[PDB]
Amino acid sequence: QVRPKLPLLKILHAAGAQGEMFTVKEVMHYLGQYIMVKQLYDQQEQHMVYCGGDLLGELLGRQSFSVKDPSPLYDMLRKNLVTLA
């Protein structure tokens, strides 16, 4: 359903994704895998993600966010996913 722009594509590939065409659910899956395997979540308060000094933070223009309100990821996906025909 979607194709990611370069910085997002790099993140998904770092999480084990192949190619450049994905479903939205796949993108969400690989973003979660990325955060887990790169240990970006806060170690004591896992709802928080420290993305500063990572490509994800560069892409979001944030040092941190929380799943208490994951709106920054929504904005990023709107800007970085091309809808496929």
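The numbering used is simple: start at 1 and walk along the sequence shown. Rigid core here is just the name for the largest C-alpha set that superposes within 1.5 Å across the two forms.
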After core superposition, the stretch with larger RMS C-alpha deviation in 7 other deposited structures of this protein, comparing 8 to 16 and 60 to 68, is 60 to 68
Quick one: higher average CA temperature factor, 61 to 69 or 17 to 25?
-> 17 to 25
Please rank the C-alpha B-factors of the chain's modelled residues and tell me whether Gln44 sits in the lowest, middle or highest third.
-> highest
In terms of its chain's C-alpha B-factors, the third that includes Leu55 is the highest
